[PDB]
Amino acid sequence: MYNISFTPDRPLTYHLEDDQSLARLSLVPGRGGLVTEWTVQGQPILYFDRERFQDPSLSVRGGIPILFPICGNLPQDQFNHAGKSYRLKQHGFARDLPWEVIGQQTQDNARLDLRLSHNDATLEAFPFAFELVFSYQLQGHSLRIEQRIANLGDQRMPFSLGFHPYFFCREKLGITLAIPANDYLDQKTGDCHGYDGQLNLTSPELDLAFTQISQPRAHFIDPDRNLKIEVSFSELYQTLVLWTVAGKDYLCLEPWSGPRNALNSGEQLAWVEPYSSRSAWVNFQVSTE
């Protein structure tokens, strides 16, 4: 008898936990400093397409992808800077590159520190000597990520930074929303719409961009699972995006420093002075309401 079998590929994965809160998280740094899965008391708070994550060429669907130096795409997939023209794919390249672990702490929480540095390939699509160090801290029932966006070059650096969390969500109908806006932008069509404080998340596809928010936070409550997921953030984030599609069980409540095409329009665009850096943070709190 002749047999042949094989174990698939599996990237270097870090595991974080608080055996007290029964919280465990999986972060795989070589794939964009990406948080893939997160569980509290064994229940999946994040959605993650494992099979898809197997073809290293497919975009990640689930977890918490990082958007830098832009969120969304650009017209013609480009932007001009100082006469010259540059090409950037949707959501930048941070999501597509490996990060290095430059730190670890286990006293006040489970803390993993990752670094993403510019390089020749990166400078070819974004001419700025950037350096990012993100800190992922896991405690009790929450996940906090702290960012330091640095410009190690000689001229101002414009940029956009975003987190694209895929929160687990099966029974969408019972979902209670709480987005601090009065209007949103259906990025699909490009038409605006009034927001009353609720919406049909059961619709075939919802791709809303709330670029006018009145609170440094937002959340949603799912009775079926009897718990709420709240997103809070530092002032670098001025836009809230909501992604969801019929079938796939996830609801994205994403904090963006700026909307699509901000690198070109200047809307909520951000800068980092030469040989300087700025910091920010995003927080994720789960509650058993």
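In this text, residue numbers run from 1 along the sequence as written.
Enquirer: Decide which of the stretches 167-175 and 214-222 has the higher mean C-alpha B-factor, going by the entry.
Expert: Looking at the record's C-alpha B-factors, the answer is 167-175.
Enquirer: Report the stretch with the higher mean CA temperature factor, choosing between 103-111 and 144-152 on the basis of the entry.
Expert: Between 144-152 and 103-111, it is 103-111 that shows the higher mean C-alpha B-factor.
Enquirer: Sorting 198, 117, 90, 137 by Cα temperature factor from the record, which one lands on top?
Expert: Largest recorded C-alpha B-factor: 198.
Enquirer: Kindly indicate the residue among 97, 121, 192, 132 with the greatest C-alpha B-factor in the PDB record.
Expert: Most elevated C-alpha B-factor of the set, per the entry: 192.
Enquirer: Lowest, middle or highest third of the chain for the C-alpha temperature factor of residue 160?
Expert: For residue 160, the deposited C-alpha B-factor lands in the lowest third.
Enquirer: Rank-wise, by C-alpha B-factor, drop residue 279 into the lowest, middle or highest third of its chain.
Expert: Its C-alpha B-factor, which the entry lists for residue 279, ranks in the middle third among residues of this chain.
Enquirer: Hey, what third does residue 32 fall into on Cα B-factor, ranked over its chain?
Expert: According to the entry, residue 32 has a C-alpha B-factor in the chain's lowest third.
Enquirer: Which third, lowest, middle or highest, does the CA B-factor of residue 255 fall in along this chain?
Expert: CA B-factor rank for residue 255: middle third.
Enquirer: Thinking about Cα B factors across the chain, which third does residue 13 belong to?
Expert: Bottom third by C-alpha B-factor.
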